[PDB]
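K.L.:
By the authors' numbering, the letter at position 138 of the sequence shown is numbered 138, and the numbering carries on one by one without gaps.
Could you have a look at this structure, given as structure tokens, before my questions?
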Amino acid sequence: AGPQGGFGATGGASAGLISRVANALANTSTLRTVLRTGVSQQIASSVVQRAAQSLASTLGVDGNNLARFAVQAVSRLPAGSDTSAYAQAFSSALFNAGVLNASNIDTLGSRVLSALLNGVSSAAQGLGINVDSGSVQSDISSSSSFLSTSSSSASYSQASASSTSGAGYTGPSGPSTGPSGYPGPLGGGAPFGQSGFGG
């Protein structure tokens, strides 16, 4: 991880909203421990700019340094800091689904992270970064499928919520709530800072 000329694209204010953002309804490994799809170059800095050949294009990204070199570079990185220290927790703010707090990016995102979110606007926020099917796809596909609403009870889609035991709040806004299905997924499991909510 190397800050471009001292840029240091990272936001501490967004660290409050991250877990509550759309990734909460995803519950996928992308925020849990496995690197997010289209991970930010802030953590890599080696060759993986966007992973996807579009912005990653720099050393001839098309198969060769896509499946090899890239994954190996990030995979050779010291994991002593744990995966959570990487672009794991900030996955929501770095991926930018748009169903998050818009004032976050308007106020601190574009100012503090500056260059990062500018490039992410065209990348993840723009078209949606997709990484090679080697590792990332294998993980996310097998993860997102079961972990869709596997926060506590996937069978009941936690629509009933664990408020019965007086949970109050567990993580994202409150207890095990916010169903990935049913009309109005915003029922209970909705962030206090959410813009573009709805379908």
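Virtual Cβ for every residue (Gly too), placed ideally from N, Cα, C.
Just to confirm my understanding: we take residue 139, look at its own chain, exclude 5 residues before and 5 after, and list those with CB closer than 7 Å. What are they?
P.N.:
Against the sequence shown, residue 139 aligns to sequence position 139. Cβ within range, chain order: 29, 34.
K.L.:
How far does the alpha helix (DSSP H) with residue 4 in it extend, from its first residue to its last?
P.N.:
The residue you call residue 4 lines up with position 4 of the sequence shown. No alpha helix (DSSP H) holds residue 4; DSSP gives it neither H nor E.
K.L.:
If you draw a straight line from the C-alpha of residue 50 to the C-alpha of residue 112, how long is it?
P.N.:
Along the sequence shown, one-based indexing puts residue 50 at 50. Along the sequence shown, one-based indexing puts residue 112 at 112. Computed Cα separation, rounded: 19 Å.
K.L.:
Classify residue 50 as helix, strand or coil using the three-state DSSP reduction.
P.N.:
Taking the sequence shown and counting its residues from 1, one reaches residue 50 at position 50. Here residue 50 sits in coil by DSSP.
K.L.:
Enumerate in chain order the residues of its own chain whose CB-to-CB distance from residue 1 is below 7 Å, with the five nearest sequence positions on each side excluded.
P.N.:
Position 1 of the sequence shown, counted from the first residue, corresponds to residue 1. 42, 43, 45, listed in sequence order.
K.L.:
Across the stretch 7–21 and the stretch 75–95, are there enough close Cβ pairs to call them in contact, namely three or more that are closer than 8 Å?
P.N.:
In short, these stretches touch, since the Cβ pair count reaches three.
K.L.:
So, is the C-beta of residue 144 closer than 8 Å to a C-beta in chain B?
P.N.:
No chain B is present in this structure, which holds just one protein chain.
K.L.:
Does the beta-carbon of residue 24 have 16 or more other beta-carbons within 10 angstroms, so that it is buried, or is it exposed?
P.N.:
Sequence index remark: in the sequence shown, residue 24 carries index 24 (1-based). Buried is the call here.
K.L.:
Consult DSSP for residue 18 and reduce its assignment to one of helix, strand or coil.
P.N.:
Translated into positions along the sequence shown, residue 18 becomes position 18. Of the three classes helix, strand and coil, the one that applies to residue 18 here is coil, per DSSP.
K.L.:
How would you write the range of the alpha helix (DSSP H) that residue 43 sits in, first residue to last?
P.N.:
Position 43 of the sequence shown, counted from the first residue, corresponds to residue 43. 41–44 is the extent of the alpha helix (DSSP H) around residue 43.
K.L.:
Count the C-beta pairs between the stretch 120–137 and the stretch 55–67 that are closer than 8 Å, then say yes if the count reaches three, no if not.
P.N.:
Yes: the two stretches touch, three or more of their Cβ pairs being nearer than 8 Å.
K.L.:
Please return the same chain residues whose Cβ sits closer than 7 Å to the Cβ of residue 171, not counting the five positions on each side in sequence.
P.N.:
The sequence position of residue 171 within the sequence shown is 171, counting from 1. Result list for residue 171: 19, in chain order.
K.L.:
Decide if residue 175 is buried, meaning its Cβ has at least 16 other Cβ atoms within 10 Å, or exposed.
P.N.:
Counting from 1 along the sequence shown, the entry for residue 175 is found at position 175. Classification for residue 175: buried.
K.L.:
Between residue 135 and the rest of its own chain, which residues show a CB-CB distance below 7 Å, the 5 nearest in sequence each way excluded?
P.N.:
Position 135 of the sequence shown, counted from the start, is the residue given in the question as residue 135. 71.
K.L.:
Using a threshold of 8 Å, state whether the C-beta atoms of residue 146 and residue 159 are closer than that.
P.N.:
For this step, residue 146 is matched to residue 146 along the sequence shown. For this step, residue 159 is matched to residue 159 along the sequence shown. Taking 8 Å as the Cβ cut-off, residue 146 and residue 159 do not qualify as a contacting pair.
K.L.:
Could you give the C-beta distance for residue 192 and residue 99, rounded to a whole number, given that I count them as a contact under 8 Å?
P.N.:
The sequence position of residue 192 within the sequence shown is 192, counting from 1. The sequence position of residue 99 within the sequence shown is 99, counting from 1. The pair is not a contact, with the Cβ atoms about 14 Å apart (cut-off 8 Å).
K.L.:
Using the beta-carbon count (16 or more within 10 Å), is residue 161 buried or exposed?
P.N.:
In the sequence shown, the residue the question calls residue 161 occupies position 161. It counts as buried.
K.L.:
Please return the same chain residues whose Cβ sits closer than 7 Å to the Cβ of residue 151, not counting the five positions on each side in sequence.
P.N.:
What you label residue 151 is simply residue 151 of the sequence shown in a count that begins at 1. Answer for residue 151: 27, 158, 176, listed in chain order.
K.L.:
State the Cα-Cα distance for the pair residue 195 and residue 179, rounded to the nearest angstrom.
P.N.:
In the sequence shown, counting from the first residue as 1, residue 195 sits at position 195. In the sequence shown, counting from the first residue as 1, residue 179 sits at position 179. For residue 195 and residue 179, the distance between alpha carbons rounds to 18 Å.
K.L.:
Cβ of residue 104 within 8 Å of Cβ of residue 31?
P.N.:
As a working note, residue 104 is residue 104 in the sequence shown. As a working note, residue 31 is residue 31 in the sequence shown. Not a contact, by the Cβ cut-off of 8 Å.
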